[PDB]
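Can you look at this? It's an experimental structure, sequence on top.
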Amino acid sequence: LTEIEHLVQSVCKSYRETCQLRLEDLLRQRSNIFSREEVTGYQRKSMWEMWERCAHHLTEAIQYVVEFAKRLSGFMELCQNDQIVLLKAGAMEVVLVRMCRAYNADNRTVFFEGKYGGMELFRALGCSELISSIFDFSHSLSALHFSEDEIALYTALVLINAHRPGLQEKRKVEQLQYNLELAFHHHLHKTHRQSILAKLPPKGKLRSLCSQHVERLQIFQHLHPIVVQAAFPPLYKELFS
Ligand SMILES: O=C(O)c1ccc(-c2nn(C(=O)c3c(Cl)cccc3C(F)(F)F)c3ccccc23)cc1
Ligand SMILES: CC(C)CCC[C@@H](C)[C@H]1CC[C@H]2[C@@H]3CC=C4C[C@@H](O)CC[C@]4(C)[C@H]3CC[C@]12C
């Protein structure tokens, strides 16, 4: 079997081992929806408590994407500067894509702390426009009905992007990117799913939504800082303190 069919398998394996929540569990749990009383309970929480909860869930989700990245062929062989550049730009873009698996377009709910709730769950954060943007992005992805393997290959390409400003070894990233692009294109062809290519977000869209999200996270972190045990300290230090 070709270098490319092995690359498809290695990316899908890495994804399955780092996917954090099982799609089968997320789909089954769709009927499990926060009550009016449970929603009011969350809305009455202080923004500092809701921040602690959301910051920790987002940090944990990022750490799953760091593991994913570390398991991609060639990622660990990049200079550390380039590993940091790709993960700083890319890891939260991958979390925002991964969210569509935990999103129900039927009732516009996301899986959060054991049940499905709407964006009004997060009212205490005072972030309505940003959170509405994140829900809308997930709503856009949900219409693709991404397979686990499509999500794996697409999110590998979200990360392995030679056009990120700051790369020291651009040609090493291009070589990895070309192989992952071929793997993705090969797999869509093999599975009669080339139709999703025309429906993928414009790439400026994910970058710009991600930029707004992280900017807001950095403001909360400045006001009420959380600490975690860094999975990748050089990267952690490029964002935390
Ligand atoms: O475990 C780690 O090594 C690690 C763990 C997390 C990151 C990482 N956090 N992050 C955030 O936006 C973030 C989050 Cl998710 C929660 C609270 C505060 C923040 C903020 F201060 F950075 F704004 C990112 C964005 C983009 C890329 C990587 C990361 C990086 C490294
Ligand atoms: C401070 C503000 C910006 C926080 C944003 C609030 C909402 C949008 C956040 C808080 C917790 C987040 C979730 C935390 C963990 C996961 C699991 C991951 O596998 C997919 C994304 C998903 C499901 C996140 C989606 C976005 C989320 C629901």
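Here it is on my side, so go on. Numbering: from 1, shown residues only. Ligands and ions are numbered 1, 2, ... in the order given.

so where do the helices sit in this structure?
According to DSSP state H, the chain carries its helices in the segments 3-18, 23-28, 36-44, 47-71, 80-98, 128-142, 148-159, 170-190, 203-223, 233-237.

Tell me the residues of the chain that contact ligand 2?
Within the chain, the residues that sit near ligand 2 (C-beta under 6 Å from any ligand atom) are 20-21, 54, 57-58, 61, 95, 98-99, 102, 110-112, 122, 125, 127, 130-131, 134, 213, 216-217, 220. Where you see a C-beta, it was placed from the backbone N, CA and C, and this is true even at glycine.

For ChimeraX, write the selection for the buried entries among those.
In ChimeraX, a selection of the buried entries from the residues of the chain next to ligand 2 looks like this (16 or more other C-beta atoms under 10 Å):
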select :54,58,61,95,98,99,102,110,111,112,122,125,127,130,131,134,213,217,220
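
ok, and which of the residues of the chain next to ligand 2 reach ligand 1?
Counting by C-beta under 6 Å from any ligand atom, 58, 217 from those sit close to ligand 1.

how about residue 200, what does it touch?
By C-beta atoms under 8 Å, 6 or more residues apart in numbering, the contact set of residue 200 is 144, 154.

before we move on, the earlier item: to residue 106, which of the helices of the chain lies closest?
helix 128-142 (9.2 Å; C-beta to C-beta).

Show me what that closest one packs onto, helices and strands only.
helix 80-98, strand 103-104, helix 203-223 (3 or more C-beta pairs under 8 Å, 6 or more residues apart in numbering; DSSP states H and E).

So for residue 168, which of these sits nearest?
Residue 168 lies closest, by C-beta to C-beta, to one member of these: helix 80-98, at 5.0 Å.

just checking, what packs against that closest one?
Applying 3+ C-beta pairs under 8 Å, 6+ apart, we find helix 80-98 packed against helix 47-71, helix 128-142, helix 148-159, helix 170-190, helix 203-223, helix 233-237.

7 Å - rerun?
helix 47-71, helix 128-142, helix 148-159, helix 203-223, helix 233-237 (3 or more C-beta pairs under 7 Å, 6 or more residues apart in numbering; DSSP states H and E).

so the third one versus helix 80-98, what angle?
I take that to be helix 148-159. With axes from the mean of the first three to the mean of the last three C-alpha atoms, to 10 degrees as the basis, helix 148-159 and helix 80-98 are set at 140 degrees to each other.

from the helices and strands packed on helix 80-98, which stretch is densest packed?
Comparing the helices and strands packed on helix 80-98 by mean neighbour count (mean count of other C-beta atoms under 10 Å), helix 148-159 ranks first with a mean of 22.

which residues touch stretch 202-214?
Residues outside stretch 202-214 that contact it (C-beta atoms under 7 Å, 6 or more residues apart in numbering): 92, 93, 96, 130, 133, 134, 137, 158.

What residues does this protein have near ligand 1?
55, 58-59, 62-63, 66, 87-88, 91-92, 214, 217-218, 221, 226, 228, 230-232, 235-236, 239-240.

Quick check, central residue of this protein?
Centroid-nearest residue in the chain, with C-alpha atoms, centre = their mean: residue 95, separated by 1.4 Å.
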